[PDB]
Amino acid sequence: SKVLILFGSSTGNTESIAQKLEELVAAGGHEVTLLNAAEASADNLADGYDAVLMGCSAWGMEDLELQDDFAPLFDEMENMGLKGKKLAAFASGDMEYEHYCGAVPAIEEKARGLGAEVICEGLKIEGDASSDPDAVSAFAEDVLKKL
Ligand SMILES: Cc1cc2nc3c(=O)[nH]c(=O)nc-3n(C[C@H](O)[C@H](O)[C@H](O)COP(=O)(O)O)c2cc1C
C-alpha cells in the first residue's frame with residue numbers, strides 16, 4: 001500500500017513523529033513518502049496513495065489555529081481526493097495550552113466528512129517522538145494492521 005505522511009511542524013516536534021512513522025510504516029513493507037506541508041499542494045494530493053497520515057501542531061490558545069504550513073492544506077482538504085482513502089492523524093502539543101493536539105479531531109472530523117475512512121484514533125504526544133516512544137510505536141502498529 002503506498003502511504004503519504006504529510007506534516008506541518010514549526011520546531012521539529014511533529015516532524016520527528018512523522019519521520020518515526022515513516023521508518024516504522026516502511027519497515028512493515030510499504031512504499032512511504034515523507035512530505036513537509038511547506039512543499040505540498042492540496043489539489044489531488046492523495047492520488048495514487050492508499051493511505052494518508054496527516055499531522056500538525058496547533059498554535060492558538062482560546063481558538064484552534066493550525067500550524068502555518070499545514071493550515072492552507074487543511075482549508076483545501078476537499079481538493080485532495082481523500083474519498084475512500086484510509087487516513088490517520090497525529091500531532092505534537094503541550095498540555096499547558098488549551099486545544100491540546102487540537103489538529104487531530106479537526107482533521108478526523110473533516111476527513112470523515114469528505115468520505116475518507118479514518119482507521120484509528122489519532123496520536124497525541126507532548127514534545128517530540130523520543131519523549132513518548134511507546135505511543136508512537138503502538139500507533140504505528142495500529143495503522144499497519146489496518147492498511
Ligand atoms: C502561541 C502558542 C500557541 C500554542 N497553542 C497550542 C495549542 O493550541 N495546542 C497545543 O496542543 N499546543 C499549543 N502550543 C504548543 C505547541 O503546539 C507545541 O510546542 C508545538 O506543537 C510543537 O510543535 P511542532 O511539532 O510544530 O514543532 C502553542 C504554543 C505557542 C507558542
# chains A, B, ... in the order shown; residues from 1 in each chain; ligands from 1
$ select_by_dssp --residues "chain A" --states "strand (DSSP E)" --output "VMD selection string"
chain A and resid 2 to 8 31 to 36 51 to 56 86 to 93 117 to 118 123 to 126
$ residues_near_ligand --ligand "ligand 1" --cutoff "10 Å" --atoms "only C-alpha atoms and all ligand atoms" --output "PyMOL selection string"
chain A and resi 7-18+55-70+91-104+124-129
$ write_last_selection --atoms "C-alpha atoms" --output "PDB file, in the first residue's frame"
ATOM      1  CA  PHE A   7       3.176  17.074   8.403  1.00  0.00           C
ATOM      2  CA  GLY A   8       3.428  20.686   9.340  1.00  0.00           C
ATOM      3  CA  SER A   9       5.897  21.434  12.134  1.00  0.00           C
ATOM      4  CA  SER A  10       7.373  24.746  13.393  1.00  0.00           C
ATOM      5  CA  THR A  11      10.114  23.490  15.821  1.00  0.00           C
ATOM      6  CA  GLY A  12      10.553  19.919  14.501  1.00  0.00           C
ATOM      7  CA  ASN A  13       8.314  18.095  17.026  1.00  0.00           C
ATOM      8  CA  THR A  14       5.528  16.789  14.715  1.00  0.00           C
ATOM      9  CA  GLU A  15       8.270  16.388  12.151  1.00  0.00           C
ATOM     10  CA  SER A  16      10.119  13.926  14.367  1.00  0.00           C
ATOM     11  CA  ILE A  17       6.884  11.933  14.890  1.00  0.00           C
ATOM     12  CA  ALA A  18       6.407  11.865  11.089  1.00  0.00           C
ATOM     13  CA  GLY A  55      -0.401  15.716  11.313  1.00  0.00           C
ATOM     14  CA  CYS A  56       0.386  19.129  12.689  1.00  0.00           C
ATOM     15  CA  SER A  57       0.820  21.357  15.730  1.00  0.00           C
ATOM     16  CA  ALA A  58      -1.812  23.909  16.959  1.00  0.00           C
ATOM     17  CA  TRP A  59      -0.846  27.486  17.682  1.00  0.00           C
ATOM     18  CA  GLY A  60      -3.852  29.247  19.113  1.00  0.00           C
ATOM     19  CA  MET A  61      -4.956  29.490  22.713  1.00  0.00           C
ATOM     20  CA  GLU A  62      -8.764  30.099  23.074  1.00  0.00           C
ATOM     21  CA  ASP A  63      -9.206  29.300  19.418  1.00  0.00           C
ATOM     22  CA  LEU A  64      -7.791  26.482  17.400  1.00  0.00           C
ATOM     23  CA  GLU A  65      -5.210  27.680  14.960  1.00  0.00           C
ATOM     24  CA  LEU A  66      -3.211  25.190  12.818  1.00  0.00           C
ATOM     25  CA  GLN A  67       0.477  25.248  12.015  1.00  0.00           C
ATOM     26  CA  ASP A  68       1.324  27.895   9.341  1.00  0.00           C
ATOM     27  CA  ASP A  69       2.404  25.460   6.621  1.00  0.00           C
ATOM     28  CA  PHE A  70      -0.453  22.921   7.198  1.00  0.00           C
ATOM     29  CA  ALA A  91       0.269  15.782  16.480  1.00  0.00           C
ATOM     30  CA  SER A  92       2.719  17.154  18.943  1.00  0.00           C
ATOM     31  CA  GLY A  93       1.315  19.541  21.548  1.00  0.00           C
ATOM     32  CA  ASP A  94       1.703  20.804  25.029  1.00  0.00           C
ATOM     33  CA  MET A  95      -0.887  20.123  27.758  1.00  0.00           C
ATOM     34  CA  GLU A  96      -0.342  23.580  29.276  1.00  0.00           C
ATOM     35  CA  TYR A  97      -2.334  25.026  26.324  1.00  0.00           C
ATOM     36  CA  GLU A  98      -5.931  24.850  25.530  1.00  0.00           C
ATOM     37  CA  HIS A  99      -6.758  22.784  22.404  1.00  0.00           C
ATOM     38  CA  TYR A 100      -4.091  20.165  23.334  1.00  0.00           C
ATOM     39  CA  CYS A 101      -3.344  18.478  19.934  1.00  0.00           C
ATOM     40  CA  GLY A 102      -6.436  20.245  18.500  1.00  0.00           C
ATOM     41  CA  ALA A 103      -5.431  19.354  14.891  1.00  0.00           C
ATOM     42  CA  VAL A 104      -6.232  15.579  15.408  1.00  0.00           C
ATOM     43  CA  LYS A 124      -1.425  12.891  20.567  1.00  0.00           C
ATOM     44  CA  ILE A 125       2.010  13.461  22.114  1.00  0.00           C
ATOM     45  CA  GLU A 126       3.798  16.035  24.178  1.00  0.00           C
ATOM     46  CA  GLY A 127       7.114  17.135  22.718  1.00  0.00           C
ATOM     47  CA  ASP A 128       8.955  15.117  20.093  1.00  0.00           C
ATOM     48  CA  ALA A 129       8.918  11.400  19.084  1.00  0.00           C
TER      49      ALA A 129
END
$ select_by_dssp --residues "chain A" --states "alpha helix (DSSP H)" --output "JSON, numbers by chain"
{"A": [13, 14, 15, 16, 17, 18, 19, 20, 21, 22, 23, 24, 25, 26, 27, 71, 72, 73, 74, 75, 103, 104, 105, 106, 107, 108, 109, 110, 111, 112, 113, 133, 134, 135, 136, 137, 138, 139, 140, 141, 142, 143, 144, 145, 146]}
$ closest_residue --among "A:85, A:44, A:37, A:20" --to "residue 132 of chain A" --atoms "only C-alpha atoms"
A:20
$ closest_residue --among "A:80, A:53, A:35, A:116" --to "residue 143 of chain A" --atoms "only C-alpha atoms"
A:53
$ closest_residue --among "A:106, A:135, A:24, A:89" --to "residue 122 of chain A" --atoms "only C-alpha atoms"
A:89
$ closest_residue --among "A:42, A:51, A:140, A:4" --to "residue 77 of chain A" --atoms "only C-alpha atoms"
A:42
$ residues_around --residues "residue 41 of chain A" --least-positions-apart "5" --cutoff "10 Å" --atoms "only C-alpha atoms" --output "ChimeraX atom specification"
/A:72-73,76,79-80
$ atom_distance --atom1 "atom CA of residue 28 of chain A" --atom2 "atom CA of residue 138 of chain A"
13.2 Å
$ closest_residue --among "A:111, A:54, A:45, A:40" --to "residue 5 of chain A" --atoms "only C-alpha atoms"
A:54
$ closest_residue --among "A:52, A:27, A:120, A:107" --to "residue 75 of chain A" --atoms "only C-alpha atoms"
A:107
$ atom_distance --atom1 "atom CA of residue 46 of chain A" --atom2 "atom CA of residue 3 of chain A"
9.3 Å
